[PDB]
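If you read the sequences in order, they're chains A and A'. A prime marks a further copy of an entry chain.
At position 88 of the first sequence the residue is numbered 181 (PDB author numbering), and the sequence of numbers has no breaks.
At position 128 of the second sequence the residue is numbered 221 (PDB author numbering), and the sequence of numbers has no breaks.
Number of protein chains: 2
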Amino acid sequence: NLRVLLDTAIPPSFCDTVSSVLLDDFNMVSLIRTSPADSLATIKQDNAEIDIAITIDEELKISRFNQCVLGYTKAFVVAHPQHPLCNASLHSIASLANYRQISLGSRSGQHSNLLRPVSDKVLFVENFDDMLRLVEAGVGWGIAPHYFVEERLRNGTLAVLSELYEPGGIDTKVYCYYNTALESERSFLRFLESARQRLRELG
Amino acid sequence: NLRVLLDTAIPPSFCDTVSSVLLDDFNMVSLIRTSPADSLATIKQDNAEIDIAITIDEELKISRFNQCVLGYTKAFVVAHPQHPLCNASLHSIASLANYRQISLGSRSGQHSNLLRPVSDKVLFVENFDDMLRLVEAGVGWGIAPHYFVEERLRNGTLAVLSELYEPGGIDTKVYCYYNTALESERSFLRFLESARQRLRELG
Ligand SMILES: CCCCCCCCCc1cc(=O)c2ccccc2[nH]1
Ligand SMILES: CCCCCCCCCc1cc(=O)c2ccccc2[nH]1
């Protein structure tokens with residue numbers, strides 16, 4: 094029955110919050126994980142027959158789907174704690190566009206404004222694990238969700254650069270793309286209401 | 094000396110917060126108001142010789158300028174309290190793309206993804222006052238900053254539709270575009286630090 098796709102930028106908590114709720118109302122629920130760079134591409138494939146996507150990625154008006162927002166979540170631009178650009182911010186926060194960035198690659202090779210890399214050179218990868226191996230290494234810098242990075246962060250293995258750009262990490266909305274058929278379906282509305290109401294915390 | 098441009102979506106408080114601070118460090122400070130639809134166009138004109146823009150509008154990498162974020166602020170999609178789409182949300186929240194929208198026109202006729210109208214027909218205007226005359230009228234619906242609308246809102250003259258899309262109004266970042274020359278200038282940094290630190294409230 095209900096197939097829902099969850100990108101990797103979504104905290105793995107925001108995912109049990111969901112799944113608990115949908116089983117009340119639904120009797121078969123499949124959960125698919127996906128690069129954020131591939132989320133929206135995927136739901137456009139009709140055969141893939143997704144009914145709900147949870148992503149950070151944005152695009153206005155899609156084919157058969159509607160959009161709304163569930164919450165907010167944070168990402169950081171990170172590097173090795175002696176990457177040149179470490180320390181020395183504001184000026185160097187503009188020089189990111191010169192340094193090598195480790196970006197999430199997409200299947201379609203295409204990117205949204207939101208996820209397109211800011212610099213060159215870019216070195217593409219499949220997911221945030223590969224990304225951090227590399228910035229820990231540390232060739233390049235990257236933007237990764239909080240949940241990934243906070244482990245290493247307090248451990249001093251990685252440092253943040255995002256801070257003078259946006260203190261507190263880069264606030265980023267979490268969207269919900271849902272097949273229009275679910276608009277005003279007593280059950281979907283419960284999921285929305287309940288997912289949101291919960292997803293204040295973590296925050 | 095210092096010329097700073099402030100779009101109309103910026104609360105008129107976020108504007109005294111700024112202006113107080115800059116006079117400590119600056120001795121001539123001009124403040125220009127602008128449609129958000131025209132903010133960025135304007136700072137690209139070189140003759141206009143703007144040193145700092147405060148806008149909700151977004152564009153990545155501009156000519157001589159850097160970007161960072163000062164805070165957050167809210168906007169609502171509003172209409173006449175017996176506009177068809179009133180009441181009846183979620184489905185109708187998708188039918189906005191069919192109803193007439195009152196959008197902020199731009200000089201260049203061009204719009205960013207962020208400000209481009211969602212529907213047609215569109216009926217362009219110069220500013221948020223014209224916009225509300227019209228949605229109060231009420232031909233069409235529009236998106237307007239909180240500060241404008243909260244007056245009329247509790248007064249029942251206008252109703253919100255944004256709520257199932259994004260409860261609490263549509264969170265929207267407030268960017269700072271500052272000429273690169275000001276990067277690491279003891280004074281600019283004070284302004285940033287102090288503007289931000291204050292602009293938590295209102296919120
Ligand atoms: C200091 C440089 C700021 C440039 C960042 C531009 C805004 C962030 C957009 C964004 C890009 C991502 O790759 C991303 C990845 C995971 C989660 C949020 C993200 N936000
Ligand atoms: C319920 C329909 C949601 C569609 C709104 C799309 C996100 C809002 C982007 C935006 C458009 C504006 O015109 C605007 C104007 C002033 C302040 C913030 C704004 N945000």
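No residue lacks a Cβ here, since even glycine has one placed at the ideal position from N, Cα and C.
Check	Outcome
Any C-beta of chain A under 8 Å from that of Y270 of chain A'	no
Amino acids of chain A, ordered along the chain, whose beta-carbon sits closer than 9 Å to that of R289 of chain A'	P260
Reduced DSSP category for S185 of chain A - H, G, I as helix; E, B as strand; rest coil	helix
Chain A' within 8 Å of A190 of chain A, Cβ atoms only	yes
DSSP-derived helix/strand/coil call for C269 of chain A	strand
Interface partners of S277 of chain A on chain A', CB under 7 Å	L183, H184
Per-residue burial, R289 of chain A' [other beta carbons within 10 Å of its own, 16 or more giving buried]	buried
Cβ pair count under 8 Å reaching 3, the segment 250-269 of chain A' against the segment 166-173 of chain A'	yes
heavy atom of ligand 2 below 7 Å from residue 298 of chain A' C-beta	Because residue 298 of chain A' is not part of the residues shown, which for chain A' are 94 to 296, the question remains open.
Residue environment, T273 of chain A', which counts as buried when at least 16 other CB atoms sit within 10 Å	exposed
Straight-line gap, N180 of chain A' to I147 of chain A (C-alpha atoms, nearest Å)	26 Å
Spatial neighbours of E142 of chain A in its chain, beta-carbon cut-off 8 Å, leaving aside the 5 residues before and after	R96
Beta-carbon contacts of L183 of chain A that lie in its chain and below 8 Å, excluding the five residues immediately before and after	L257
Chain A contact for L257 of chain A' (CB, 8 Å cutoff)	yes
Cutoff 8 Å: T273 of chain A Cβ touching any chain A' Cβ	yes
Local Cβ density within 10 Å of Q160 of chain A, reported as buried at 16 or more and exposed below that	buried
Reduced DSSP secondary structure (H/G/I, E/B, other) of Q194 of chain A	strand
Neighbour list for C179 of chain A in chain A', Cβ cutoff strictly below 7 Å	Correct list: empty, because the minimum Cβ distance to chain A' is about 15 Å.
Collapsed DSSP secondary structure at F221 of chain A in the structure displayed	helix
The segment 127-160 of chain A: positions lying closer than 8 Å to chain A' by Cβ	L153, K154, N159, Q160
Supposed close pair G235 of chain A, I195 of chain A - CB separation, criterion 8 Å	4 Å
Nearest to residue 307 of chain A' (by Cα), restricted to the options A':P174, A':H176, A':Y268	In this structure chain A' extends from 94 to 296, so residue 307 of chain A' is not present and cannot be described.
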